[PDB]
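Asks: Input structure: data17.cif, which contains mmCIF, C-alpha atoms.
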```cif
data_start
loop_
_atom_site.label_atom_id
_atom_site.label_comp_id
_atom_site.auth_asym_id
_atom_site.auth_seq_id
_atom_site.Cartn_x
_atom_site.Cartn_y
_atom_site.Cartn_z
CA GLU A 1 -97.79 40.59 112.73
CA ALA A 2 -97.09 36.88 113.32
CA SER A 3 -93.52 37.94 114.26
CA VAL A 4 -91.18 35.05 115.10
CA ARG A 5 -87.47 34.72 115.96
CA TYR A 6 -85.19 31.80 116.92
CA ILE A 7 -81.63 31.65 118.21
CA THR A 8 -79.21 28.69 118.35
CA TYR A 9 -76.10 28.44 120.56
CA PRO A 10 -72.74 27.34 118.87
CA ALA A 11 -71.90 23.63 118.58
CA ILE A 12 -69.41 21.35 116.80
CA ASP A 13 -71.88 19.05 114.96
CA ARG A 14 -74.25 17.38 117.46
CA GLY A 15 -77.61 16.28 116.02
CA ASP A 16 -80.75 14.88 117.68
CA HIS A 17 -83.35 13.21 115.39
CA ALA A 18 -81.01 12.44 112.45
CA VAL A 19 -78.10 13.81 110.37
CA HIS A 20 -77.04 13.46 106.71
CA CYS A 21 -74.21 10.97 106.10
CA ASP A 22 -71.30 11.96 103.86
CA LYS A 23 -70.77 9.79 100.77
CA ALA A 24 -67.00 10.18 101.33
CA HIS A 25 -67.19 10.10 105.14
CA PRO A 26 -70.38 7.95 105.83
CA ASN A 27 -68.42 6.00 108.48
CA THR A 28 -68.26 9.19 110.60
CA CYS A 29 -71.99 9.79 110.27
CA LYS A 30 -73.99 8.21 113.09
CA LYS A 31 -77.72 8.23 113.88
CA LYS A 32 -76.93 8.04 117.59
CA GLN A 33 -73.77 8.54 119.66
CA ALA A 34 -72.23 8.84 123.10
CA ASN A 35 -69.16 10.43 124.70
CA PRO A 36 -65.89 10.00 122.60
CA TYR A 37 -64.03 8.64 125.61
CA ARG A 38 -64.30 4.87 126.16
CA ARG A 39 -63.29 2.70 129.05
CA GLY A 40 -63.78 -1.01 129.74
CA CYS A 41 -63.94 -2.81 133.10
CA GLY A 42 -61.13 -5.40 133.36
CA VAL A 43 -60.77 -5.70 137.17
CA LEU A 44 -62.30 -9.24 136.95
CA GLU A 45 -63.27 -8.89 140.66
CA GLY A 46 -66.94 -8.72 139.67
CA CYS A 47 -67.53 -5.14 138.47
CA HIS A 48 -70.98 -3.98 139.61
CA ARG A 49 -72.87 -0.78 138.75
CA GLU A 50 -75.86 0.79 140.53
CA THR A 51 -78.29 3.56 139.68
CA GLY A 52 -77.25 5.50 142.78
CA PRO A 53 -76.12 5.11 146.49
CA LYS A 54 -79.71 5.17 147.80
CA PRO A 55 -82.18 4.48 144.84
CA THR A 56 -84.42 2.67 147.36
#
```
Output the file's structure as structure tokens, nothing else.

Replies:
Amino acid sequence: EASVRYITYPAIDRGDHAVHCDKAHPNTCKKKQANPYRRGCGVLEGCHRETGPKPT
């Protein structure tokens, strides 16, 4: 028999290992990416980040 079936849920265009880059839109193509929203820390107080409240 060797029966086999696969199913993939819908997605915009998120890859994993690698994706083909468009010759017309190669600047959109990225090997790796993160969330589209960006934010920088400009408080100048010190700005510190921790893994969690109680990583210990």

Asks: Considering only C-alpha atoms, can you say which of A:47, A:54, A:39, A:30 comes closest to residue 18 of chain A?

Replies: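 Closest candidate: A:30.
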
Asks: Would you compute the distance between atom CA of residue 15 of chain A and atom CA of residue 33 of chain A? Give it in Å to one decimal.

Replies: 9.4 Å

Asks: Report, in Å with one decimal, the straight-line distance from atom CA of residue 13 of chain A to atom CA of residue 28 of chain A.

Replies: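 Spanning atom CA of residue 13 of chain A to atom CA of residue 28 of chain A is a straight-line distance of 11.4 Å.
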
Asks: Enter the distance from atom CA of residue 19 of chain A to atom CA of residue 31 of chain A, in Å, rounded to one decimal.

Replies: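 Distance between the two atoms: 6.6 Å.
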